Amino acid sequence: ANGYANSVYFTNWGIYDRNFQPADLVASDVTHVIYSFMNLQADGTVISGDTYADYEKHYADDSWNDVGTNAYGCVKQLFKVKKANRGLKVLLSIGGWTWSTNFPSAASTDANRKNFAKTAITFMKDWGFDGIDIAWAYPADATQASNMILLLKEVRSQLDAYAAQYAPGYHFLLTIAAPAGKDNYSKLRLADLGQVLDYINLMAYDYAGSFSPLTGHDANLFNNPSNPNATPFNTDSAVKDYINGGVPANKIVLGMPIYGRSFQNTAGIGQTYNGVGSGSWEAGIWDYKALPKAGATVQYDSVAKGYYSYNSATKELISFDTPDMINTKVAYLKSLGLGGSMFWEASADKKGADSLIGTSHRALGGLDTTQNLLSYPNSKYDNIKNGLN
């Protein structure tokens, strides 16, 4: 890359209740959109989890009387974004937290890995995307960890062979969503990942919530020796283990949450709580654009480098990232020579000055300007093949 990544996950289910369409992305701030998620079968078959959201939904300017076989849905909307933002690459993300059960089987044989690569790359080239993100949560043992590398090498091989025929000289990107927990990342073939991948999206969040015995920072940088119950994990120990394990610092993109985890009936950070309570869309989880709530004040753990709203009246504490937290995390990643910022996920961000993604863009400065691809002469969709001209 020729600068920092400022990447964001865009969810295909966000077009429904969250009403967040690809045209809603503030694309000027973004180097990579990671389109989430494709589903996976045990025989390695990559499939759409929602054909409506992916390529069937007609937006206002999508003709119900055009000739040929055409892609609509988020695929055409994201191609429009790529046309208007030549420095913005779109990656196809496969798996995710809820859809990782079939990865061990999918990676387990040469035939299943070839089927995974062919079906994944078929979507990528039909939809007019710039690469593939493997979101396998998470390889469980040495067999799975080894098979993950064999799978990534098969995808890399087939991407290079596809480019040689249908996008000569273009480098399709291959990335993973990577775990921040040592129980998970100690099982990975880190040096192999460091060699085969363009980027490792480090999921440096979900450190504490309903699954934690006490209130914790969700995404803190450092251990708090004074209040260690508040920092059950920290980003810094994971980042150092990834780099020392053989992932080059410049390939590590530091993930950051655009949501908070709430703790109810609590005196503060590192302490007893009872329930996670309500959420924006699911129990205990709040969109950043809904934070801080009315009457809550933002406190700061300057050791663990964690911000959290506290409401003295309601006793609600919400761990979440603020614009100031983003400035600190950007200073941190530049200090370690990391590849940039990643965000989960786009729909929850604020607009204007208080955009976490926009704060990251201004704090990073020199963003990746590597050009995307607009030429898909082997796309089965006439409108994509014709670049929506």
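Position 1 is the first residue in the sequence shown; the rest follow in order.
- Mean C-alpha B-factor is higher over 301-309 than over the other stretch, the pair under comparison being 133-141 and 301-309.
- Here the stretch with the larger average CA B-factor, out of 73-81 and 310-318, is 310-318.
- Highest C-alpha temperature factor among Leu367, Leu374, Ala23, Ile15, as the PDB entry reports it: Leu367.
- Per the PDB entry, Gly352 shows the highest C-alpha temperature factor of the residues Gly337, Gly44, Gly49, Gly352.
- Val67: CA B factor in the highest third of modelled residues in this chain (values from the PDB entry).
- When all modelled residues of the chain are sorted by CA temperature factor, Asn39 is found within the lowest third.
- When all modelled residues of the chain are sorted by CA temperature factor, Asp183 is found within the highest third.
- Sorting the modelled residues of the chain by their CA temperature factor places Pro248 in the lowest third.
- Ranked against the other modelled residues of its chain, the C-alpha B-factor of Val33 as given in the entry falls in the lowest third.
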